[PDB]
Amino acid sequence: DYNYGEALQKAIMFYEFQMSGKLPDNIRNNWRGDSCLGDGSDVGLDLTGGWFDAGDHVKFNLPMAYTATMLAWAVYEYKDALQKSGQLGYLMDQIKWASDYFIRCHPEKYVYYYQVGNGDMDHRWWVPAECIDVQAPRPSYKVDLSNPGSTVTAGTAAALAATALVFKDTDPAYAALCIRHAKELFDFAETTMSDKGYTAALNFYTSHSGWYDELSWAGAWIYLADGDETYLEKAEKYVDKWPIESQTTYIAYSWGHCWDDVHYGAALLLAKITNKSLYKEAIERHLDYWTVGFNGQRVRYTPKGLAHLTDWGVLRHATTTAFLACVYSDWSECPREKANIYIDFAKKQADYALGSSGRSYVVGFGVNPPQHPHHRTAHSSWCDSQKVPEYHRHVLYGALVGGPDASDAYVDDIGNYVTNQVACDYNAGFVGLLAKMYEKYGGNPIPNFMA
């Protein structure tokens, strides 16, 4: 099969290319430099760090927090396989990079900065990250009690709780700090029950499915990290306000786990914590609908076997559902017949990202990978133009692209920010999927690999 170790190595390295702020000397590549060192200056804070969201230089905290949580989840489930691959250290460094930034965004219990950079203005400039902050201001945006944002604060709480979970055995003091922040952010979200102040991300990362699944998401992670039963109880309380499948009274099953809908993953977590049939039925309904089908309906598939939920970041969706399939099928309480269907599904989605259709969809990996991702800093224009140079100056190793259409059709095109898009949330579940594939099938990573 494909070299899952190499793919895992590169999928993790992808995040180094997304880093904002003062880079550590530990970094492997030689083309990224310090950037956006004034972030937060407009409000007197150090809000540097974190990840650029996609091929732009806005820091969008909702997908950033989702990403950090998923990366931590990969460590939690597959620590041993990640240590064997030699990549656990790099992944842990990235998790802490994001969470260090979330902490800086939380200077008071009820004040949280959820964005740095203006979307419309950042996107007018096709310039690399080391030059972006010379061309336009970069305002900071926040929510408070008078102007709240329950979705993003609860999402960040989940990220910091999961970070403490995986750092507990390494940096107890850091885990205790993350936990303290996570519980405060959760209270902030639950007390306000509103997204009125979550405005700067409008038309970029608007919350459409509600903050109640983010509360269950965060509550489960806080319980797994601290054991505080208060947050497990609250998690179960808000299940009744998760999205429901239209024309039914079921919990929604026909979409997938993503930055805007985290109730799928929360249902998996709450299943393993409590072993209640409510959560087991809901997740198995989901994963059944995505494999064999459920009640005569089934997620659509391309003829070449890709589970194709929607045209926007299709590989993101298929590899993230595949990751959830890995976790659930590894669980002893998963029916045996189901586990083999779910893990077969997961491997075929991984193989499709890596080359099964005839080409790889991971930049810098496999056969004929994408070469022109919609990414300003890997391209590196010298004149504010997507077309100049006609080849990217730098290889964005590990980046999973948007992907093909429902008939397996795709073409490289730097200008298509749907098919050729790359982003933090695209690679997040992907990392966890590749960890499992490495565990079960191996493939060695490249020795002494540097970009």
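Note that residue numbering follows the sequence shown and begins at 1.
Stretch comparison (351-359 versus 377-385) by mean CA B-factor in the PDB entry places 351-359 on top.
Look at the C-alpha B-factors of 410-418 and of 29-37. On average they run higher in 29-37.
Taking the deposited Cα B-factors for 257, 208, 138, 123, the highest one is held by 208.
Between the residues 100, 93, 108, 133, it is 108 that shows the highest Cα B-factor in the PDB record.
Per the PDB record, residue ranking by Cα B-factor puts residue 81 in the highest third of the chain.
The PDB entry assigns residue 112 a C-alpha temperature factor belonging to the middle third of its chain's modelled residues. Sort the chain's modelled residues by C-alpha temperature factor and residue 405 lands in the middle third, per the entry. Per the deposited record, the Cα B-factor of residue 10 falls in the lowest third when ranked against the other modelled residues of its chain.
Residue 390: CA B factor lies in the middle third for its chain, per the PDB record.
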